[PDB]
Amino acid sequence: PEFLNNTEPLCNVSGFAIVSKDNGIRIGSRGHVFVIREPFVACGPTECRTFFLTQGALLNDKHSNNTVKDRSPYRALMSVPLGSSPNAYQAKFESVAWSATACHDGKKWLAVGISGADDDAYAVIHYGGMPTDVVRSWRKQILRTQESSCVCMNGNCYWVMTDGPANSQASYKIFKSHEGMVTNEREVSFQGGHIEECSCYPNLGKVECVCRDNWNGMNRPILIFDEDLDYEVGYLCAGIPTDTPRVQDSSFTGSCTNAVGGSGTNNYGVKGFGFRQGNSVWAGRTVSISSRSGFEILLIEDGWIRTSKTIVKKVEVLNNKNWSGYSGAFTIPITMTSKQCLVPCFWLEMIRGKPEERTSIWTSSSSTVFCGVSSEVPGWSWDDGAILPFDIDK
């Protein structure tokens, strides 16, 4: 076993094909399936796995009550093979966690899970299933991380964490690890900016991240760094906003440097992703501008380098009549594709229950997963498909 290089360029793709759908909530109507949220996908040398944060409870059980809540001592990071439901008997325990990231360095799985009190949380780093290191909260205000795959290159793994207020200036740090031990860290200077839940991927030896601004920006922060943790930080240049909530495209003017907000879009957001394509960008977003409803992906011409409004392609993978949620990025390594470039993929979370469906006592989500291909691919609507309310709701 050797470390994955992961220093190849990201593939240029013209479409995204569906790779997986777990149907977890449909199955959990009768089967034994965890209540979850914040699913994400990460790939090792031989397989991809779906990670998720459980609520330490099963669907259609009384312990699923009040699972709209984000943090508790019962949440854990677990994983299943890609496409499996997050069920009670296949789930592999990874970390105690109400916020997490995970990735594979070519030799072993790395998992970073945060638990503890809001004012004194800490991350536990697991490597090959063994606890190796700890990262303590440095601002004592809900230490939190990506909720998606971290990035490994040449035996080093990288991820981004945040600590501080949800709706004002916070603190943002990049971490570097080797075999589960933190070997470097760097605080990112981003005055007036806000970074949470970064979706990161490798591209030609650098880590490129598209994040969530939960403060004054309806545009997404972009963070790019190298092995030294030297970084560039700013916003996705595109004159098309991709956070939620946001305003209509015609009411928006892009910026590469500043958070663009107002119009009732401040103080919230949703985890999302984007992939640089030379000077252009593939960016995902909810179809609704106000709620987590529907999902589409847009190819914006020169959207990575200028405030372009030119949409070259648009593909819908979930219609606006269905609930979406978080979305995130990962890549498929060369050891699985035998290609000369890294394949960009994304996953989509579809949230059911509270708060949008008030007649249910619980909140969970299921997922779909898509990977980039060299040709155009039609869209459709692959919705969660569960029929609510459930038995436990009655």
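A residue's number is simply how far along the shown sequence it sits, counting from 1.
(message) Can you tell me whether 5-13 has a higher mean C-alpha B factor than 379-387 in this record, or the other way round?
(response) Per the PDB record, 5-13.
(message) Quick check on the record: does 33-41 or 352-360 carry the larger mean Cα temperature factor?
(response) According to the PDB entry, the answer is 352-360.
(request) Name the residue from 365, 60, 67, 368 with the greatest C-alpha temperature factor listed in the entry. (result) Within the set 365, 60, 67, 368, 67 shows the top C-alpha B-factor.
(request) By the entry's C-alpha temperature factors, tell me which of 324, 115, 251, 90 sits highest. (result) Highest C-alpha B-factor among the listed residues goes to 251.
(message) Which third, lowest, middle or highest, does the C-alpha temperature factor of residue 341 belong to within its own chain?
(response) For residue 341, the deposited C-alpha B-factor lands in the highest third.
(request) Looking at the entry's B-factor column for C-alpha atoms only, identify whether residue 28 ranks in the lowest, middle or highest third of its chain. (result) Tercile = middle for this residue's CA B-factor.
(request) Could you say whether, by C-alpha temperature factor, residue 54 belongs to the lowest, middle or highest third of its chain? (result) Lowest third.
(message) Where does the C-alpha B-factor of residue 142 rank in its chain, lowest, middle or highest third?
(response) Middle third, going by the recorded CA B-factors of the chain.
(message) Ranking every modelled residue in this chain by its Cα temperature factor as given in the entry, which third contains residue 225?
(response) Middle third by C-alpha B-factor.
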